[PDB]
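Each remark here refers to the structure printed beneath this line.
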Amino acid sequence: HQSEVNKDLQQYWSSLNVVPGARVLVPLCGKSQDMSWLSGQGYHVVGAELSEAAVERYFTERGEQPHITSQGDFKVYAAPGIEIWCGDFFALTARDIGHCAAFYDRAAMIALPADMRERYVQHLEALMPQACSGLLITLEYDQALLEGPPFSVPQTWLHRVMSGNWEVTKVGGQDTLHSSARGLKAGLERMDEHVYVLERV
């Protein structure tokens, strides 16, 4: 129970104590522990898994069963248990689903450049809810072993751009390889994991 689910995540949340049943969005954050945590608490875990090969792995491991959709070059595999559509994320209106609650954001913009980053955060906060607690999970170390080289997006930058719709705050740190799942997924065995608490106002 809550073995390795972003100490910060389980922390902030543990404290936050969002509404029981609030809408929890999972923008290209779809991991397992994060969501498994939210659910374990009793929240509306609805997000997408920006991972094609992943969806495939799920279809091969399960052998079909859930709602598989073909979204262009991406897929959408939703389950009856959770509202996680493995594939791509860009047709669930994080705003409609968001509304009020929170959303776990996984290092995604760090995989892109600045310009794109600004367009990403903005695009998110744009399609974001009205009152939800968002938590971004970035990284630094990982870059030459982890899936996609993270630009260790600087909190300052986030507060420079990602500042204007959500209260982003510096959080997290390094020496947390066990915590970060992606670390055990890619195999960092030691990487700095950055975190930023963004309160979607």
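By convention in this document, the chains of the structure tokens carry letters A, B, ... by their order, each chain's residues are numbered from 1, and ligands are numbered from 1 in the order they are shown.
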
Please identify the helix (DSSP H, G or I) residues within range 61-179 of chain A (assignment by DSSP from backbone atoms) and present them as a PDB file with C-alpha atoms, in the first residue's frame.
```
ATOM      1  CA  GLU A  61      -0.774  -9.025 -21.757  1.00  0.00           C
ATOM      2  CA  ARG A  62      -4.541  -8.863 -21.423  1.00  0.00           C
ATOM      3  CA  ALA A  94      -9.179  17.663 -19.113  1.00  0.00           C
ATOM      4  CA  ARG A  95     -11.437  20.632 -18.472  1.00  0.00           C
ATOM      5  CA  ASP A  96     -14.718  18.749 -18.610  1.00  0.00           C
ATOM      6  CA  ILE A  97     -13.307  15.858 -16.617  1.00  0.00           C
ATOM      7  CA  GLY A  98     -11.120  18.145 -14.542  1.00  0.00           C
ATOM      8  CA  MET A 109       7.163  18.992 -21.335  1.00  0.00           C
ATOM      9  CA  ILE A 110      10.709  18.249 -20.242  1.00  0.00           C
ATOM     10  CA  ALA A 111      10.822  15.890 -23.199  1.00  0.00           C
ATOM     11  CA  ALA A 114      10.996  25.483 -24.433  1.00  0.00           C
ATOM     12  CA  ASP A 115       8.631  26.860 -27.049  1.00  0.00           C
ATOM     13  CA  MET A 116       6.756  23.572 -27.099  1.00  0.00           C
ATOM     14  CA  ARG A 117       6.975  23.498 -23.320  1.00  0.00           C
ATOM     15  CA  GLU A 118       5.233  26.847 -23.056  1.00  0.00           C
ATOM     16  CA  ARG A 119       2.635  25.712 -25.562  1.00  0.00           C
ATOM     17  CA  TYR A 120       2.227  22.530 -23.552  1.00  0.00           C
ATOM     18  CA  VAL A 121       1.770  24.042 -20.112  1.00  0.00           C
ATOM     19  CA  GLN A 122      -0.445  26.709 -21.629  1.00  0.00           C
ATOM     20  CA  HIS A 123      -2.377  24.158 -23.650  1.00  0.00           C
ATOM     21  CA  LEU A 124      -2.831  22.160 -20.467  1.00  0.00           C
ATOM     22  CA  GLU A 125      -3.824  25.006 -18.177  1.00  0.00           C
ATOM     23  CA  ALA A 126      -6.064  25.963 -21.074  1.00  0.00           C
ATOM     24  CA  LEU A 127      -7.880  22.648 -21.271  1.00  0.00           C
ATOM     25  CA  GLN A 155      11.051  25.480 -11.729  1.00  0.00           C
ATOM     26  CA  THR A 156      11.897  29.106 -12.410  1.00  0.00           C
ATOM     27  CA  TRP A 157      10.935  28.648 -16.042  1.00  0.00           C
ATOM     28  CA  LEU A 158       7.755  26.898 -14.968  1.00  0.00           C
ATOM     29  CA  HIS A 159       7.043  29.841 -12.696  1.00  0.00           C
ATOM     30  CA  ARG A 160       8.064  32.103 -15.553  1.00  0.00           C
TER      31      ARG A 160
END
```

Which residues come within 6 Å of range 75-83 of chain A, counting only C-alpha atoms, excluding same-chain residues fewer than 6 positions away, as a ChimeraX atom specification?
-> /A:45-46,66-69

Tell me which of A:134, A:20, A:87, A:42 sits closest to residue 167 in chain A, counting only C-alpha atoms.
->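 Residue with the minimum atom-to-atom distance to residue 167 in chain A: A:134.
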
Quick one, how far is CA of residue 34 in chain A from CA of residue 1 in chain A?
->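 Taking CA of residue 34 in chain A as the start and CA of residue 1 in chain A as the end point, the length is 11.6 Å.
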
Name the residues in contact with residue 9 in chain A at a cut-off of 8 Å, using only C-alpha atoms, excluding same-chain residues fewer than 4 positions from it; report them as a PyMOL selection string.
-> chain A and resi 5+13-14+34+135

With distances taken over only C-alpha atoms, which of A:186, A:55, A:28, A:128 is nearest to residue 106 in chain A?
-> A:28

Might you pull out every residue within 12 Å of residue 147 in chain A, with only C-alpha atoms counted and same-chain residues fewer than 5 positions away left off, and present them as a short mmCIF file (atom, residue, chain, number, x, y, z; two decimals) with N, CA and C atoms, in the first residue's frame?
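Heads up, here's the output in around_6.cif:
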```
data_model
loop_
_atom_site.label_atom_id
_atom_site.label_comp_id
_atom_site.auth_asym_id
_atom_site.auth_seq_id
_atom_site.Cartn_x
_atom_site.Cartn_y
_atom_site.Cartn_z
N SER A 51 1.59 6.50 -24.55
CA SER A 51 2.50 5.41 -24.83
C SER A 51 1.81 4.37 -25.73
N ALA A 107 6.49 14.14 -16.12
CA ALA A 107 7.50 14.77 -16.95
C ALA A 107 7.18 14.50 -18.43
N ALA A 108 6.66 15.52 -19.08
CA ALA A 108 6.30 15.40 -20.49
C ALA A 108 6.89 16.59 -21.26
N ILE A 110 9.26 18.31 -20.37
CA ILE A 110 10.71 18.25 -20.24
C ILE A 110 11.29 17.46 -21.42
N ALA A 111 10.41 16.70 -22.06
CA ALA A 111 10.82 15.89 -23.20
C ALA A 111 10.83 16.76 -24.46
N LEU A 139 12.20 15.45 -14.03
CA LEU A 139 13.43 14.76 -13.70
C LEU A 139 14.61 15.51 -14.32
N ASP A 142 18.37 11.32 -15.51
CA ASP A 142 17.91 10.57 -16.67
C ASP A 142 18.00 11.46 -17.91
N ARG A 182 9.42 5.61 -13.00
CA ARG A 182 10.10 5.73 -14.27
C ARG A 182 11.58 5.38 -14.11
N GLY A 183 12.08 5.58 -12.90
CA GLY A 183 13.47 5.29 -12.60
C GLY A 183 13.74 3.78 -12.65
N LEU A 184 12.78 3.02 -12.14
CA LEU A 184 12.90 1.57 -12.12
C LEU A 184 12.40 1.01 -13.45
N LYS A 185 11.69 1.85 -14.19
CA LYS A 185 11.15 1.45 -15.48
C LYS A 185 12.26 1.49 -16.53
N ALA A 186 12.96 2.62 -16.56
CA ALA A 186 14.05 2.80 -17.50
C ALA A 186 15.32 2.18 -16.94
N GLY A 187 15.49 2.33 -15.63
CA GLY A 187 16.66 1.79 -14.96
C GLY A 187 17.70 2.88 -14.71
N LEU A 188 17.35 3.81 -13.84
CA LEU A 188 18.24 4.91 -13.51
C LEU A 188 19.13 4.50 -12.33
#
```

With a distance cut-off of 7 Å and only C-alpha atoms, select the neighbouring residues of residue 171 in chain A, excluding the residue or stretch itself and same-chain residues fewer than 4 positions from it, and output the selection as a count of residues only.
-> 4

Env of residue 101 in chain A: 7 Å cut, atoms = only C-alpha atoms, seq-sep filter 3 positions within chain, self excluded. Answer as a compact mmCIF listing (two decimals) with N, CA, C and O atoms, in the first residue's frame.
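So around09.txt came out as:
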```txt
# COMPACT_ATOMS: atom_id res chain seq x y z
N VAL A 18 -7.87 16.38 -0.93
CA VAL A 18 -8.84 16.84 -1.91
C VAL A 18 -10.20 16.22 -1.60
O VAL A 18 -10.30 15.30 -0.79
N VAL A 19 -11.22 16.75 -2.26
CA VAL A 19 -12.57 16.25 -2.07
C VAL A 19 -12.62 14.77 -2.42
O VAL A 19 -11.96 14.32 -3.36
N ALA A 22 -13.27 13.78 -6.13
CA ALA A 22 -12.85 14.83 -7.04
C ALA A 22 -12.34 14.20 -8.34
O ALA A 22 -11.93 13.04 -8.35
N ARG A 23 -12.37 15.00 -9.40
CA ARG A 23 -11.92 14.54 -10.70
C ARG A 23 -10.39 14.62 -10.78
O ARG A 23 -9.82 15.71 -10.76
N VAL A 24 -9.77 13.45 -10.88
CA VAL A 24 -8.32 13.37 -10.97
C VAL A 24 -7.92 13.06 -12.41
O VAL A 24 -8.19 11.98 -12.92
N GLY A 98 -11.78 17.43 -15.63
CA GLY A 98 -11.12 18.14 -14.54
C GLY A 98 -12.14 18.83 -13.63
O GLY A 98 -12.43 18.34 -12.54
N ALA A 131 -10.76 24.42 -10.76
CA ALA A 131 -10.24 24.34 -9.40
C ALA A 131 -9.80 22.90 -9.11
O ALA A 131 -10.60 22.08 -8.67
N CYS A 132 -8.53 22.64 -9.38
CA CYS A 132 -7.97 21.32 -9.16
C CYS A 132 -6.49 21.48 -8.78
O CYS A 132 -5.86 22.47 -9.15
N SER A 133 -5.99 20.49 -8.06
CA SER A 133 -4.60 20.51 -7.64
C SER A 133 -3.76 19.63 -8.57
O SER A 133 -3.88 18.41 -8.55
```

Could you give me, as a PyMOL selection string, each residue of range 29-73 of chain A that DSSP assigns to strand (DSSP E or B) when run on this structure's backbone?
-> chain A and resi 44-50+67-71

Would you work out the distance separating CA of residue 172 in chain A from CA of residue 35 in chain A, expressed in Å to one decimal?
-> 18.7 Å
